[PDB]
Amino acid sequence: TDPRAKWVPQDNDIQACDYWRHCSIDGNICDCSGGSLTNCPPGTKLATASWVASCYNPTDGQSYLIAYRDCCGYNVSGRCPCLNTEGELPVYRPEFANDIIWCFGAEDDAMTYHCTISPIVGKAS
């Protein structure tokens, strides 16, 4: 609620902006548009490209690499907007930069942004 304050993760609601996996998301939470925490909603196309962050999980005290991926080919959802930047770096370090529309490799060459999913790919290092 103080936007300038240290972000504080919770592990009890995935449609809130303080959910732990959302630590470096930029756009819209896909669960809020008929998708799920890690699946695109019907009609959209799943990017193969991603950007990563190391998010701390307050449930088991561990940190996880989240490789965010976009759902593309639709106008932005508008529901459950979120912008977080834990570990987020400027564009010249693109693997960690979240301004970018990571829609590359989507089917049908979809490049418009709709929402973002937050799957785990591995532990932090």
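Just count from 1 along the sequence shown to find any residue number.
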Based on what the PDB entry reports, which of 85, 62, 44, 75 has the top C-alpha B-factor?
62
If you rank the chain by CA B-factor, which third does residue 24 end up in: lowest, middle or highest?
lowest
Place residue 15 in the lowest, middle or highest third of its chain's C-alpha B-factors, as listed in the PDB entry.
highest
So where's residue 52 on the chain's Cα temperature factor ranking, which third?
highest
Can you work out whether the C-alpha temperature factor of residue 100 puts it in the lowest, middle or highest third of the chain?
middle
Considering only modelled residues of the same chain, in which third does the CA B-factor of residue 93 rank: lowest, middle or highest?
highest
